[PDB]
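In the text below, chain A, chain B and the rest are named by the order of the sequence lines, each starting its count at 1.
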There are 2 protein chains.
Amino acid sequence: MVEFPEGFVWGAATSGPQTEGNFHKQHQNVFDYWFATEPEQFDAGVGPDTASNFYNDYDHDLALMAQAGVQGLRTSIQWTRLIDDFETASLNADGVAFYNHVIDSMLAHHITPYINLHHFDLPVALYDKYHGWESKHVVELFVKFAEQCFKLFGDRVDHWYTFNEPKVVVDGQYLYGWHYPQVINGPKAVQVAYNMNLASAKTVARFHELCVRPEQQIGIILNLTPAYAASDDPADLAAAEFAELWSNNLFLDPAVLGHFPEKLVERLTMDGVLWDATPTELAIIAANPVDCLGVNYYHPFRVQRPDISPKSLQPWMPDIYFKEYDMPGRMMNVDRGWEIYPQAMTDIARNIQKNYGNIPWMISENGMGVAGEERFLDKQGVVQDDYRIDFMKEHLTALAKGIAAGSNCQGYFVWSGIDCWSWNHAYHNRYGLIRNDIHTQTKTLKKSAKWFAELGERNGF
Amino acid sequence: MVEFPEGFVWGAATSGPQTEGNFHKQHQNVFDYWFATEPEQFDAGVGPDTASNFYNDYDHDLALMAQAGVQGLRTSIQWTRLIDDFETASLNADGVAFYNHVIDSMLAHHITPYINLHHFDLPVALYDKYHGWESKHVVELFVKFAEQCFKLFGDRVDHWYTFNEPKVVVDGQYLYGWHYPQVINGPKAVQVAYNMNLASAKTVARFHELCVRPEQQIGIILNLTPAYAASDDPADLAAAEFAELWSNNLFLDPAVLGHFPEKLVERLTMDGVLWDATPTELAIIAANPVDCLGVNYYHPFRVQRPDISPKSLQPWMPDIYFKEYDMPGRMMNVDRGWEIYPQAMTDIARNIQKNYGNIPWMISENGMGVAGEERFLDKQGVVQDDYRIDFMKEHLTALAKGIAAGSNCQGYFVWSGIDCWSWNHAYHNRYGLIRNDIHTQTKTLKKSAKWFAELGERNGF
């Protein structure tokens with residue numbers, strides 16, 4: 001009744017830092033150091049030190065995912081686990097063997113590997129010495145690590161991503177306190193946004209110098225939630241105009257089009273907060289767009305005019321141009337605080353089709369978190385997460401309309417395969433097709449797991 | 001008519017245990033303990049205790065070798081002579097002065113030193129306390145002894161080798177009974193082959209930190225005799241392949257390529273006998289391959305299908321995959337029991353050139369042993385060893401063919417310069433350019449010594 005293109009990929013998504021645990025990891029990333037120093041900042045005091053025990057139990061974990069119908073799995077390689085000395089990108093022998101072990105086990109369980117290079121997990125030592133992503137030297141070090149990933153694992157990994165949602169690194173580390181180091185500074189964030197766009201682009205270049213076969217593609221994962229205007233009031237339309245440029249075009253355009261959006265750069269220049277770029281850097285950015293796009297979507301985003309004029313003297317922030325709006329009558333995931341709006345899936349698909357060349361793209365994240373799922377265990381200990389199935393049906397229906405209108409979407413990756421550790425929220429909200437009892441690290445398919453396996457065999461529902 | 005590159009090194013090869021005698025040596029190596037304890041295992045009851053008296057006679061001995069055209073002399077430093085306390089690698093003063101004397105005296109007689117670190121001479125104490133090369137602790141203590149050699153003697157030694165033929169130690173000590181302790185255990189022999197390769201690479205690493213000059217080079221001496229198939233029957237072809245991997249690639253590949261042959265480790269894994277390795281160790285082996293390769297060759301090896309299935313119930317041995325074969329019509333060194341086949345010289349050169357990056361290499365051993373050279377003394381007491389001149393001619397002619405085809409061969413070292421003590425065979429067979437009457441320790445050049453001096457002058461023959 002809803003069916004999908006032949007060859008469509010049914011996947012699941014996570015990341016290294018949210019699954020592995022820190023067993024025998026050489027370097028701390030900012031979240032590791034944050035938890036070691038301020039454990040009260042994490043839900044129920046659970047941090048990343050064990051997470052979902054993937055370091056020790058990867059083989060049986062992937063077998064569970066294979067059962068739940070994961071045809072492709074996307075996760076991340078931790079910089080802080082792979083590299084011995086960051087300056088040289090010398091290899092940690094034990095970390096190299098681990099990722100070999102999980103990739104080979106992925107193939108052995110007939111799971112296609114999708115490898116992201118960075119998922120919010122900057123080595124804290126690089127923040128201490130260079131202030132992290134504010135440093136173009138740190139940009140270069142990232143490329144030397146990416147290069148090592150390609151040479152070690154390129155031989156059996158076809159699908160790569162430079163970054164998961166660099167905007168969340170910019171907002172998290174430099175705007176809103178979400179990530180350690182918790183710096184609050186607009187100008188710095190603007191430079192970090194630039195620097196990560198540049199790092200992503202030099203990585204693609206390096207990747208294209210090292211990639212052999214034509215099946216080898218590299219992309220970027222962005223959240224493409226539209227910024228819907230609260231109303232037709234011109235001030236509200238101007239707020240959406242800027243929120244769209246800042247939250248989506250700031251990364252979409254350089255990655256796909258090769259350039260930053262000109263109206264944004266004009267805005268940042270007038271405000272005196274534009275990044276330091278060089279023409280050589282902008283040229284690399286123009287000449288190495290991504291091969292494909294990963295799109296994350298969970299909940300829509302709406303914007304009205306700001307309470308006060310952006311000319312008011314206040315520290316510069318992108319927020320001086322737009323304020324979040326709560327639509328009366330909205331549909332709500334009440335416990336999570338998120339509006340439900342599958343139509344954005346269709347809007348996103350149209351935007352890519354109309355304005356971004358209909359570049360090959362996938363939904364690389366889509367899912368629904370619920371707290372206390374033990375309340376829905378059946379007799380045999382299987383979570384009855386019909387709500388999670390309803391959520392996928394609604395969004396997959398919206399997706400299919402976008403595809404039917406001609407959008408070049410080639411897969412759908414659920415967040416998440418197994419319940420995983422969600423930064424400071426930890427395991428408050430569960431998203432997986434598979435439950436993790438984190439006290440014993442015992443994992444069990446949910447009802448959605450079976451429905452998703454069946455979805456892949458029918459290629460529809 | 002047969003001509004050699006400009007700069008070709010014409011040398012001779014021995015070892016410390018085969019020449020020095022045990023005068024004032026602090027520790028027993030395994031052969032020392034074996035003879036003191038079962039002299040009846042030794043030809044004519046002759047052990048290592050006097051050998052060719054090189055401890056006492058080194059200066060005149062080297063005068064004689066210079067007369068024979070020895071341009072470079074390869075020999076070894078004995079672990080059991082140099083080191084006081086093995087755990088510390090503290091120094092025995094007499095031993096330190098002894099090797100300083102011989103190195104200074106090589107230089108004074110215009111003989112280039114080529115110092116090997118290990119020639120079958122494990123300290124018996126280290127076998128009793130740790131079971132020798134089975135112990136990774138013994139591996140580290142060897143690195144300490146190597147370190148001492150490099151600091152004490154590296155100011156006037158440019159050319160070093162880690163080991164002479166680890167395979168003979170594996171075979172002798174752990175598979176076939178040739179060396180005390182005469183263990184006969186397949187799986188231990190596998191662990192020992194690994195451990196010794198690991199000791200070599202850790203030594204190369206330690207050497208490249210303590211080497212200054214650019215002409216200081218460290219290599220390893222292997223026997224690269226090809227494993228010729230008895231026939232083109234697929235079973236015989238299969239026996240030769242494993243024979244090749246086991247006898248040659250087991251050491252040639254980690255030493256030069258930085259890794260063990262995939263098909264061999266696949267076989268050892270399947271058979272349940274693979275060594276215990278760590279990722280960190282494997283990385284040390286991958287990062288520290290040799291600068292040079294010393295190549296020993298004496299006589300060919302031919303191989304046929306084993307008589308019974310390798311799946312038969314029997315203790316694991318490499319030999320379950322191959323049986324030696326005698327070819328009808330072979331050219332024989334009848335008394336010694338060895339086939340003569342100089343074409344193998346060309347075959348080794350081709351293999352190094354084609355599959356091992358044409359790494360700098362030398363024939364580090366080639367020669368012919370003959371018993372009862374008294375029968376061939378001329379009226380002035382000079383061995384008329386024309387058979388040894390012929391043997392060298394045939395093998396140099398084949399070597400020249402390998403060089404002309406483009407193989408990076410840089411020297412030819414005769415085994416031996418002076419008749420030396422050949423383990424359990426003691427002095428039964430003589431290899432020298434120079435005779436030793438071992439009763440009086442009186443040395444006398446043979447005819448082949450004169451030929452060898454002309455050879456070095458013409459740079460050919």
Side-chain angles (χ1 to χ4, degrees), chain A residues 1-2 10-14 18-21 42-46 50-73 75 105-106 108-111 298-299 331-338 340 342 365-397 412-422 425-461:
Chain A
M1 179 133 181
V2 166
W10 300 105
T14 14
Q18 305 175 264
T19 51
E20 292 174 6
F42 301 75
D43 184 78
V46 181
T50 292
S52 290
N53 194 38
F54 190 70
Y55 188 81
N56 296 292
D57 219 6
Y58 53 85
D59 199 73
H60 188 252
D61 280 10
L62 303 159
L64 293 163
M65 280 176 264
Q67 275 190 60
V70 177
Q71 312 175 326
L73 173 65
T75 197
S105 172
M106 290 192 203
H109 291 92
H110 303 101
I111 290 169
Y298 292 88
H299 61 100
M331 179 105 181
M332 290 293 312
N333 175 1
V334 174
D335 286 331
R336 186 62 198 76
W338 288 357
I340 308 158
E365 278 184 50
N366 187 57
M368 167 182 197
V370 176
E373 300 202 296
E374 60 278 338
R375 305 172 287 156
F376 314 108
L377 293 169
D378 69 345
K379 292 316 169 219
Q380 291 87 19
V382 182
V383 180
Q384 302 298 295
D385 61 331
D386 291 293
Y387 44 87
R388 182 159 294 105
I389 298 174
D390 295 328
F391 182 93
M392 284 182 292
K393 288 179 176 169
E394 290 188 323
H395 293 76
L396 282 169
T397 301
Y412 177 84
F413 284 65
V414 162
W415 189 282
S416 202
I418 292 169
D419 290 347
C420 55
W421 170 85
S422 177
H425 292 174
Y427 296 90
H428 185 88
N429 287 290
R430 309 304 182 91
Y431 287 76
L433 311 160
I434 304 171
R435 169 168 181 79
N436 192 11
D437 171 7
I438 66 177
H439 303 294
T440 60
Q441 293 299 326
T442 287
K443 293 139 204 185
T444 309
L445 300 221
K446 307 178 189 175
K447 189 183 177 174
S448 54
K450 83 200 53 166
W451 178 91
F452 190 88
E454 174 172 88
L455 165 74
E457 299 154 8
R458 292 195 101 192
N459 205 29
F461 63 92

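- Around atom NE2 of A/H109, more than 12 heavy atoms belonging to other residues, nucleotides or ligands sit under 6.0 Å away.
- Proximity of a side-chain donor or acceptor of A/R435 to a complementary backbone N or O of A/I418 within less than 3.5 Å is not detected.
- The closest side-chain heavy-atom distance from A/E394 to A/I389 is not below 4.5 Å.
- In this structure a side-chain-to-backbone donor-acceptor pair under 3.5 Å is present from A/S416 to A/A13.
- In A/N459, the CG atom is crowded: over 12 heavy atoms of neighbouring residues, nucleotides or ligands sit closer than 6.0 Å.
- Inspection of the A/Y55 and A/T19 side chains reveals no N or O donor paired with an N or O acceptor under 3.5 Å.
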Report the C-alpha separation of A/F413 and A/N366 in whole Å, then their side-chain angles, then the decisive distance to 0.1 Å, and conclude whether the side chain to side chain contact (heavy atoms under 4.5 Å, CB included) test is met. CA-CA 7 Å; A/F413 284 65; A/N366 187 57; over 6 Å; no
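- With rounding to the nearest 0.5 Å, the separation of CD in A/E454 from CH2 in A/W10 is 12.5 Å.
- Here the side chains of A/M106 and A/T75 are in contact, with some heavy-atom distance below 4.5 Å.
- Between A/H299 and A/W338, the angle of the ring planes stays under 30°, which puts this pair in the parallel group of the 30/60° scheme.
- Side-chain atoms of A/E365 and A/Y431 form no donor-acceptor pair, as typed in the model, at a separation below 3.5 Å.
- Nearest heavy atoms, A/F461 versus A/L396: CE2-CB, 3.9 Å.
- Here OG of A/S448 is found 11.0 Å from CE of A/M368. Values are rounded to the nearest 0.5 Å.
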Walk me through it: do A/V383 and A/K447 pass the test side chain to side chain contact (heavy atoms under 4.5 Å, CB included)? CA-CA 6 Å; A/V383 180; A/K447 189 183 177 174; over 6 Å; no
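- For the residue pair A/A51 and A/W421, the shortest heavy atom distance occurs at CB-CB, 4.1 Å.
- Contact annotation: the side chain of A/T14 approaches that of A/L73 to within less than 4.5 Å [non-hydrogen atoms, C-beta and beyond].
- The structure places CG of A/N436 at 8.0 Å from CG of A/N53, a figure rounded to the nearest 0.5 Å.
- In this structure, A/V414 and A/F452 have side chains that are in contact, with non-hydrogen atoms separated by less than 4.5 Å.
- We find the NE2-CZ distance between A/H425 and A/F42 to be 11.0 Å, quoted to the nearest 0.5 Å.
- Side-chain contact between A/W415 and A/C420: present, with at least one pair of heavy atoms (C-beta onward) separated by less than 4.5 Å.
- Looking at heavy atoms from C-beta onward, A/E373 lies in side-chain contact with A/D385 at the 4.5 angstrom threshold.
- In plain terms, the two heavy atoms of A/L433 and A/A449 that are nearest each other are O-CB, 3.3 Å.
- Each of A/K443, A/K446, A/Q18 was evaluated against A/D419; a single residue qualifies, A/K446, per the side-chain contact (heavy atoms from CB on, under 4.5 Å) test.
- Neither side chain, A/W451 nor A/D386, offers a donor N or O lying under 3.5 Å from an acceptor on the other.
- The minimum heavy-atom distance linking A/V382 with A/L445 is given by the pair CG1-O, 3.5 Å.
- Side-chain atoms of A/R336 never come within 3.5 Å of backbone atoms of A/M332 as a donor-acceptor pair (strictly under, hydrogens ignored).
- A donor-acceptor pair shorter than 3.5 Å can be found between the side chains of A/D59 and A/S105.
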Please walk me through it: do A/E374 and A/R430 pass salt bridge (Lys or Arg N to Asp or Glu O under 4.0 Å)? CA-CA 10 Å; A/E374 60 278 338; A/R430 309 304 182 91; 5.7 Å; no
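- When only modelled atom types and interatomic distance are considered, A/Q441 and A/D57 share no side-chain donor-acceptor pair under 3.5 Å.
- Smallest separation of non-hydrogen atoms from A/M65 and A/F54: CE-CE1, 4.2 Å.
- A/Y427 and A/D43 share no side-chain donor-acceptor pair at under 3.5 Å.
- With 3.5 Å as the limit, one finds a donor-acceptor pair spanning the side chains of A/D437 and A/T440.
- Between A/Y412 and A/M392, the closest heavy-atom pair is OH-CG, 3.6 Å.
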